[PDB]
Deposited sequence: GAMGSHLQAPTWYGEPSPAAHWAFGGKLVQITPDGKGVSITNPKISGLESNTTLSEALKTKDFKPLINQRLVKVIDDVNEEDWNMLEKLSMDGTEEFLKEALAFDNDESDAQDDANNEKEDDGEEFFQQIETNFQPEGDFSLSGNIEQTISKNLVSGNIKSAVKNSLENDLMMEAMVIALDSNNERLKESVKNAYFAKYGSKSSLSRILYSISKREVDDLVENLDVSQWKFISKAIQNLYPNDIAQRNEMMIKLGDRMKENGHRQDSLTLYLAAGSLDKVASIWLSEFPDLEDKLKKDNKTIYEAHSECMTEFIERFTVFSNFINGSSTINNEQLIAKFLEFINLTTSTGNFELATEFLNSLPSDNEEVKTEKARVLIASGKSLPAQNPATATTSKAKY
């Protein structure tokens, strides 16, 4: 018959860290275990990777049962990067795929036209300055050049160059490129040269700022932003990598998270399964890449690390949870509260 009170019962309760508490069969003791939840395993490969700093196993594991094609492209990237190394990866990803002289003055000749005459005057009259002018106001550019190309003056020797750019710049791509080089700038190339010739832009950026990593990285990032905005996703990560901009890459990967989490959902996964697999793959991908760059301030990124933390502590692995918590700003009372809980829990 039913009774109001005192019946035996396991009175089980879940506790922090993935612990299950219950009263023992005899009913006078207590049991505290860490139950097996199918699909809920402790991430030992990441713990290993993070400690050894060897991501080969982790990279390979992901490389096997990878999801969409873009994600495959990403992991493959990390595979190579992990092999050749950050420097070698960049060198290979940015890499590319006398004459006739005999003039003999012959016969008689004469100066015809007020032009060919006044200039000749200017010359012998030892007045190279005006000679250049008259050559230019007239359409005798090679003449002006050959002359200035024989003087050691600069202001003049460059008045000719500006004249050249002034009328040919817009009529020739080579001319337009020479311009930036002559003016020692790349702004025009980074912003307007065909995104297909990006490796040229890059190399240009490199050869103009060899002693200025800040300017170089800024340009390299400008070019990267552009590549991305033009559908060249993979080449944008390469430029970003070369500039040590983990933020840019992080943002790209964050914006793509929702869609990724949706493809897993369609793969007949529950909300939990989808969220969990998506998050883990995102964090592993980030951690690995974060290892080969030169860098957590992003607002959304912190919230996800905090989501990864909870999925981690529920596997009981307070060691991994601690690792990630320490990489977050202690100025965040969320991160602050979390650290404390884990600390006390594992300590």
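### Message
From the N-terminus onward, what segments of the deposited sequence lack any C-alpha atom in this model?
### Response
Gaps in the modelled chain, taken against the deposited sequence, lie at 1-8, 106-128, 327-329, 382-399.
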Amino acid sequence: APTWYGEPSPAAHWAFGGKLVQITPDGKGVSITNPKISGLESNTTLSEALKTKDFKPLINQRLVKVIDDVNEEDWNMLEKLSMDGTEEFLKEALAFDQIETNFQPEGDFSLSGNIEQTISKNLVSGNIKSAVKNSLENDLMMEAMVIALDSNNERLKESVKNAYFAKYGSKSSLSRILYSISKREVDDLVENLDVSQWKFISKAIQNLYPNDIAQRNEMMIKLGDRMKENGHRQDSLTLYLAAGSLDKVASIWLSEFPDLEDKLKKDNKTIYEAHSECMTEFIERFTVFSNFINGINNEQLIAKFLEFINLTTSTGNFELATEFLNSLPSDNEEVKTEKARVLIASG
From here on, numbers count along this sequence of modelled residues.
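### Query
On average, are the C-alpha B-factors higher in 11-19 or in 331-339?
Higher mean C-alpha B-factor: 331-339.
### Query
Hey, which bit's got the bigger mean C-alpha B factor in the entry, 283-291 or 52-60?
Comparing 283-291 with 52-60, the higher average CA B-factor belongs to 52-60.
### Member of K248, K91, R226, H275 with the greatest C-alpha B factor (per the PDB record)
When the deposited C-alpha B-factors of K248, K91, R226, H275 are compared, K91 is largest.
#### Entry: Top Cα B factor in the deposited entry, candidates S38, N310, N34, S31
If I rank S38, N310, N34, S31 by C-alpha B-factor, first place goes to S38.
### Message
Considering every modelled residue of the chain and its Cα B-factor in the PDB entry, is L149 in the lowest, middle or highest third?
### Response
According to the entry, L149 has a C-alpha B-factor in the chain's highest third.
### Message
Quick check for you: using the entry's CA B-factors within this chain, is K222 in the lowest, middle or highest third?
### Response
According to the entry, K222 has a C-alpha B-factor in the chain's lowest third.
### Message
Could you place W253 in the lowest, middle or highest third of its chain by Cα temperature factor, using the values in the record?
### Response
CA B-factor rank for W253: lowest third.
### Message
When the deposited Cα B-factors of this chain's modelled residues are ordered and cut into thirds, is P210 in the lowest, the middle or the highest one?
### Response
CA B-factor rank for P210: middle third.
### Record-listed C-alpha B factor of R216: chain third
Bottom third by C-alpha B-factor.
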